Ligand SMILES: NC(=O)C1=CN([C@@H]2O[C@H](COP(=O)(O)OP(=O)(O)OC[C@H]3O[C@@H](n4cnc5c(N)ncnc54)[C@H](OP(=O)(O)O)[C@@H]3O)[C@@H](O)[C@H]2O)C=CC1
Ligand SMILES: NC(=O)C1=CN([C@@H]2O[C@H](COP(=O)(O)OP(=O)(O)OC[C@H]3O[C@@H](n4cnc5c(N)ncnc54)[C@H](OP(=O)(O)O)[C@@H]3O)[C@@H](O)[C@H]2O)C=CC1
Ligand SMILES: CN(Cc1cnc2nc(N)nc(N)c2n1)c1ccc(C(=O)N[C@@H](CCC(=O)O)C(=O)O)cc1
Ligand SMILES: CN(Cc1cnc2nc(N)nc(N)c2n1)c1ccc(C(=O)N[C@@H](CCC(=O)O)C(=O)O)cc1
Ligand SMILES: Nc1nc2[nH]cc(Cc3ccc(C(=O)Nc4ccccc4CCC(=O)O)cc3)c2c(=O)[nH]1
Ligand SMILES: Nc1nc2[nH]cc(Cc3ccc(C(=O)Nc4ccccc4CCC(=O)O)cc3)c2c(=O)[nH]1
Ligand SMILES: O=c1[nH]c(=O)n([C@H]2C[C@H](O)[C@@H](COP(=O)(O)O)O2)cc1F
Ligand SMILES: O=c1[nH]c(=O)n([C@H]2C[C@H](O)[C@@H](COP(=O)(O)O)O2)cc1F
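Chains as they are written, first to last, in the deposited numbering: chain A, 3 to 178, 193 to 521; chain B, 3 to 178, 193 to 521.
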């Protein structure tokens with residue numbers, strides 16, 4: 003009995019491996035992973051064995067590897083007794099005998115082609131699968147990886163990495193103490209909601225995304241998918257200013273990486289264009305809702321209709337004049353807001369401009385804050401600022417991190433937008449100031465789920481995540497308000513089908 | 003071979019158990035815990051065995067317990083063969099035979115007096131200890147619990163509970193997968209700081225408080241003591257506006273409970289009086305530094321000296337005229353700040369008053385925000401607001417929770433004060449509005465440690481924590497600015513000796 007694992011790097015969707023006798027990508031870090039994973043020996047005078055087909059043996063140059071015995075599955079190659087680091091077997095079934103004897107071989111790894119992968123799974127010899135998912139699908143394959151059978155379960159999913167603008171993950175598939197559990201549960205019976213642990217229950221398998229991945233939830237999309245589960249388990253049914261009631265908890269956070277990936281949800285086709293047009297709308301200082309409607313973006317029409325505006329006591333306002341919201345408080349703080357058609361160039365504290373000047377001249381400064389809560393002009397807003405405070409931080413490696421506090425997040429409609437919106441905003445500040453994107457942390461107050469999103473959000477938790485895409489700018493801009501949608505390149509985004517959710521006006 | 007545990011409820015410091023033949027406290031939940039912990043059987047047709055001395059057998063009334071065999075250790079009591087749920091042995095050594103030959107007994111529990119506790123440890127019969135630490139020391143004992151030998155290590159420590167204004171914990175003392197670890201480490205060698213996991217390394221045992229408690233870090237003081245450990249492991253040496261450099265990370269949070277306890281650090285004698293006088297100073301709208309100096313509180317002298325004020329370009333300011341800091345922005349927002357001795361009654365948005373009126377009339381409201389960042393009047397401040405935004409939330413149980421975002425935390429000098437300040441403020445808002453204290457969450461930006469605190473904070477991590485104290489008000493106040501230091505009763509606070517740290521002016 004010895005561990006027999008599979009090492010493979012396939013595409014994210016079609017699961018393709020190699021084209022015309024060679025690989026369709028050149029990722030250096032992946033090959034280094036193959037080296038480290040196949041040289042993992044626990045004893046000293048022992049070496050691992052790698053199994054591959056002839057066409058794979060040909061593709062690697064017919065040369066042995068460092069302290070690894072190469073096993074070739076060929077019906078034509080002669081068993082050369084000269085080379086001890088390369089052995090040839092006539093078939094895969096006969097080749098699996100270095101487990102009942104040959105103690106020298108510690109572990110066994112299967113890394114051949116489709117012909118060897120398919121026969122290794124159908125014969126039930128595989129105990130573990132090391133999968134490297136590459137985000138490449140607009141190309142052509144000729145050799146694919148067989149679909150993983152239901153007997154294997156995902157146990158680990160790494161963070162999204164990047165190499166030459168190509169995103170890739172690392173997953174593990176396994177074939178599927194007691195003294196504290198019998199005490200915390202007893203204290204949970206004595207104290208009900210007196211014990212704070214009962215107020216934050218661990219979600220059950222029915223709302224936990226990919227529950228087989230227990231200890232290896234490293235993909236930072238789980239920071240969002242586990243928040244949905246945490247709301248369904250502990251969310252309190254509550255009313256609000258709209259007719260749609262919510263399930264809300266208080267005090268949650270999400271952490272994201274922006275160096276090797278771009279935090280854009282893959283479990284739902286997020287409209288990335290609508291997020292950008294809203295962000296550049298904020299950066300320009302514009303509070304005219306029609307400008308977004310004139311760009312085929314209808315996300316501020318509900319909160320800017322004639323019925324809604326007169327309902328909240330703003331009948332004196334034009335159709336889509338939202339008012340001093342983010343975008344007016346960013347560029348003009350404490351400015352006498354008249355209408356949307358007015359000229360505020362020069363009035364108000366330009367927080368965004370001073371923020372850039374502070375990030376360049378004083379990086380070690382701790383007060384790189386951008387606020388949006390102005391109590392003096394709240395009754396004039398069509399809607400109070402949801403994402404309020406935002407703090408930025410420069411590391412010693414010229415990286416730019418971002419922290420956001422959100423008073424209430426509409427998980428399903430507002431959180432996926434706010435994740436990408438401030439991720440793009442951080443990258444824009446990083447380019448203009450000359451830094452690199454770092455980490456993104458979002459601190460949430462009233463994390464709620466509207467009751468008409470339960471059917472859709474329950475579907476999102478059923479979809480296993482995919483690696484994050486890459487976001488690259490097409491040109492360096494002079495100022496900051498010069499970005500255009502054409503200057504944005506989204507690389508390797510293959511999400512799940514979009515699910516429609518209605519906005520609670 | 004079967005488990006032989008010890009169940010005991012001793013004092014926090016002297017470890018006292020019982021006085022004049024009875025217990026020195028009446029905690030109903032503790033007895034309920036003793037019942038549930040001794041009725042934990044896995045086999046149905048099997049019963050546990052409880053061992054106690056004669057003087058303890060007398061204290062419980064000489065009556066058996068529900069489906070538990072009581073073993074009495076007495077040299078005078080006759081072995082009554084009539085009662086099958088009570089058996090008498092002449093000594094403790096002879097009484098322990100129901101493990102090698104008696105299958106009927108599943109588990110063994112030792113819960114006698116000092117005579118049985120000391121003999122159970124000195125003879126090395128104990129495999130596990132269930133300790134209930136009660137915060138009572140101003141009384142008199144007569145029977146104590148033996149000091150835990152070095153062979154036992156803490157494995158679990160529950161949250162601080164409360165019963166009749168008495169805090170108590172629950173601890174466990176034990177006698178002192194593998195496939196994913198060998199993959200995340202490999203990815204940590206390939207990618208250096210490219211992998212986000214390496215930027216947030218798990219602290220080492222040498223800076224981890226009570227490293228034996230791995231899975232049972234439920235005491236919410238660990239939310240602060242593990243933040244110190246996380247800074248020492250991953251903190252980047254950085255400069256700032258003062259001569260003292262720091263070790264800072266970005267994006268950390270802490271969680272606290274205010275229902276059954278009061279988040280006041282026990283690893284250091286925190287000056288609670290100075291925290292209150294600062295908090296009530298904010299509520300009144302006062303920005304005069306001398307008023308705290310006239311109350312034997314010298315925490316704003318460094319940032320309010322004649323030398324410091326002229327160094328930051330405010331030489332035209334009086335001695336301790338701090339300016340519009342928190343405390344002016346709370347009660348008077350966007351008010352024309354003149355001097356410290358002015359009458360701003362009527363000018364500026366009274367955020368605190370509107371907050372109280374909103375918490376009463378509209379609890380389900382999501383915009384219970386109290387901000388302190390006013391970019392229009394930042395150059396007038398002697399020091400920008402460190403703790404900026406604060407959001408409040410009413411649960412369905414008429415409880416008041418609080419979320420805070422802090423721009424920079426001086427861990428060791430500023431964090432312990434800010435924890436209690438917003439904890440007391442939440443209780444003040446809860447009483448005036450008619451709610452109960454709930455949860456407290458603090459969201460941190462630049463979590464740093466000044467380099468002159470390393471010797472002291474490394475000492476703070478060496479002392480194992482103690483249960484939180486209780487904070488109760490002595491009277492109900494009419495408004496909110498009527499609180500006085502005499503109206504506060506701190507119950508059960510037994511911290512470690514105070515350690516002096518210098519403020520980076
Ligand atoms: N992304 C990845 O992880 C990997 C990708 N690849 C790619 O896949 C491609 C190659 O794979 P593939 O085309 O499927 O060819 P294979 O690598 O699977 O090799 C197949 C050959 O092995 C022999 N063989 C296979 N099955 C048997 C059997 N049951 N009994 C006896 N002999 C057998 C035959 O050779 P013979 O003629 O001697 O009988 C057969 O032609 C390449 O492009 C390569 O780059 C390869 C490895 C890994
Ligand atoms: N806080 C807690 O968890 C608990 C507290 N207590 C408190 O502790 C106090 C009582 O405990 P304590 O004073 O120590 O007395 P004990 O409960 O330990 O009982 C001692 C008696 O057991 C017999 N005994 C003790 N040692 C031996 C021995 N080595 N060999 C043979 N017989 C022995 C003797 O009985 P004999 O007269 O026959 O010689 C002795 O009088 C009470 O206040 C009680 O309430 C008790 C249990 C739990
Ligand atoms: C069989 N094969 C195809 C191939 C390519 N990429 C993969 N990637 C993964 N994740 N898994 C595989 N099984 C895999 N297989 C191989 C095997 C080894 C080398 C190789 O050159 N290995 C060097 C790697 C050199 C390096 O460190 O850069 C070694 O030292 O083992 C290339 C292709
Ligand atoms: C020997 N003794 C003293 C006593 C009191 N408190 C303790 N508390 C702790 N944590 N550990 C002990 N060993 C302990 N012992 C006892 C033992 C049982 C009961 C008792 O009444 N038990 C009932 C409990 C009734 C209830 O649910 O409140 C039971 O069903 O077990 C009281 C005192
Ligand atoms: N209650 C409440 N009030 C709010 N006011 C303003 C907002 C922001 C916002 C308003 C609307 C949306 C929205 O429809 N997203 C979306 C989601 C999935 C698929 C497609 C789309 C848009 C369609 C497209 O591609 O055009 C997103 C964000 C907001 C909110 O989210 N909730
Ligand atoms: N850099 C920086 N600047 C700041 N300006 C204003 C503050 C607030 C503050 C200033 C000082 C303290 C302080 O000495 N605490 C303390 C800690 C442990 C033991 C005893 C004490 C006081 C002794 C006693 O009062 O009994 C706390 C809080 C602040 C800060 O914390 N850091
Ligand atoms: O950027 C946004 N992010 C967001 O989460 N919302 C959602 C949060 C909440 O569901 C609603 C605001 O309702 P309320 O003002 O009562 O908090 O809008 C709206 C935005 F514009
Ligand atoms: O309530 C407070 N909390 C706090 O953490 N500081 C410390 C944090 C840091 O040491 C300093 C902030 O100065 P600056 O952020 O301008 O560097 O004050 C000060 C307070 F008054």
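For each residue, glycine too, the CB sits at the ideal point set by N, CA and C.
For residue 123 of chain A, which residues in the same chain have their Cβ closer than 7 Å to its Cβ, ignoring the five residues on either side in sequence?
148, 151
8 Å is my cut-off, CB to CB: does residue 269 of chain B come that close to chain A?
yes
Taking contact to mean at least 3 C-beta pairs separated by less than 8 Å, is the region 479 to 494 of chain A in contact with the region 151 to 168 of chain A?
yes
Strictly under 8 Å for the Cβ-Cβ distance: is residue 187 of chain A near chain B by that measure?
It's not possible to place residue 187 of chain A here, given that chain A moves directly from 178 to 193.
Check each residue's C-beta against every heavy atom of ligand 5 and list, in chain order, those closer than 5 Å.
A:287, A:290, A:315, A:319, A:426, A:429, A:430, A:433, A:519, A:520
With DSSP collapsed to three states, give me the class of residue 108 of chain B.
strand
Could you check if residue 30 of chain A belongs to the surroundings of ligand 3, using beta carbon to heavy atom distance under 7 Å?
yes
Counting only beta-carbon atoms, is residue 209 of chain B nearer than 8 Å to chain A?
yes
Have a look at residue 46 of chain B and residue 71 of chain B and give me their C-alpha separation to the nearest angstrom.
15 Å
Can you pull the DSSP bridge partners for residue 337 of chain B?
B:304
Any heavy atom of ligand 1 closer than 7 Å to the CB of residue 25 of chain A?
True, at least one ligand heavy atom lies under 7 Å from that Cβ.
Confirm the yes/no value for this check: CB of residue 7 of chain A, any heavy atom of ligand 1, distance under 7 Å.
no
Cβ atoms of residue 210 of chain A and residue 221 of chain B: under 8 Å apart, would you say?
no
Entirely within the region 400 to 437 of chain B and at least 3 residues each: give me those beta strand (DSSP E) ranges in chain order.
The region 400 to 437 of chain B contains these whole beta strand (DSSP E) runs: 403 to 410, 415 to 426.
For residue 408 of chain A and residue 375 of chain A, which I take to be in contact (beta-carbon distance under 8 Å), what is that distance rounded to the nearest angstrom?
7 Å
On the premise that residue 266 of chain A lies in contact with residue 301 of chain A, defined as a C-beta separation below 8 Å, what is that separation, rounded to the nearest angstrom?
Going by Cβ atoms, the distance from residue 301 of chain A to residue 266 of chain A rounds to 32 Å, so no, they are not a contact pair.
Note down the Cα distance separating residue 51 of chain B from residue 91 of chain B, rounded to an integer number of angstroms.
Cα to Cα, residue 51 of chain B sits roughly 13 Å from residue 91 of chain B.
Would you please verify whether the beta carbon of residue 346 of chain B is less than 8 Å from any beta carbon of chain A?
no
So, with DSSP's three-state summary, where would you put residue 446 of chain A?
helix
Could one say the Cβ of residue 412 of chain A lies closer than 8 Å to chain B's Cβ atoms, at least one of them?
yes
Does the region 118 to 134 of chain B come close enough to the region 81 to 91 of chain B to have 3 or more Cβ pairs within less than 8 Å?
no
How many Å lie between residue 291 of chain A and residue 371 of chain A at the Cα?
CA-CA distance, residue 291 of chain A to residue 371 of chain A, rounds to 22 Å.
Comparing the CB of residue 279 of chain A with every heavy atom of ligand 7, is any distance shorter than 7 Å?
no
Check distances from the C-beta atoms of the region 383 to 396 of chain A to those of chain B and list, in chain order, the residues that come in under 7 Å.
Within the region 383 to 396 of chain A, the qualifying residues are 383, 385, 387, 389, 391, 392.
Give a yes or no on whether the C-beta atoms belonging to residue 114 of chain A and residue 54 of chain A are separated by under 8 Å.
yes
Where are the beta strand (DSSP E) runs, 3 residues long or more, that stay fully inside the region 472 to 517 of chain A, in chain order?
Complete beta strand (DSSP E) runs here, min 3: 486 to 489, 504 to 507.
Can you find a C-beta in chain B that's less than 8 Å from the C-beta of residue 405 of chain A?
For residue 405 of chain A, the answer is yes, since a Cβ of chain B falls inside 8 Å of its Cβ.
Which two residues bound the contiguous beta strand (DSSP E) that contains residue 273 of chain A?
262 to 273
Identify whether residue 22 of chain B lies in helix, strand or coil by the three-state DSSP scheme.
In the structure shown, residue 22 of chain B falls within a coil segment according to DSSP collapsed to helix, strand and coil.
Any chance you could list the beta strand (DSSP E) runs of at least 3 consecutive residues sitting entirely within the region 213 to 257 of chain B, in chain order?
Within the region 213 to 257 of chain B, the complete beta strand (DSSP E) runs of at least 3 residues are 252 to 254.
Could you spell out the range, first to last residue, of the alpha helix (DSSP H) harbouring residue 373 of chain A?
For residue 373 of chain A, the enclosing alpha helix (DSSP H) covers residues 367 to 377.
Relative to the C-alpha of residue 448 of chain B, which candidate in B:231, B:495, B:487 has its C-alpha closest?
It is B:495 whose Cα lies nearest to the Cα of residue 448 of chain B.
State yes or no: is the C-beta of residue 219 of chain A within less than 8 Å of the C-beta of residue 249 of chain A?
yes
Compute every distance between the C-beta of residue 57 of chain A and the non-hydrogen atoms of ligand 1, then say whether any falls below 7 Å.
The answer is yes for residue 57 of chain A.
So what does residue 134 of chain B bridge to, in DSSP terms?
B:11
Take every Cβ of the region 224 to 239 of chain A, pair it with every Cβ of the region 200 to 208 of chain A, and state whether three or more of those distances are shorter than 8 Å.
Judged by Cβ distances under 8 Å, the region 224 to 239 of chain A makes no contact with the region 200 to 208 of chain A, as fewer than three pairs qualify.
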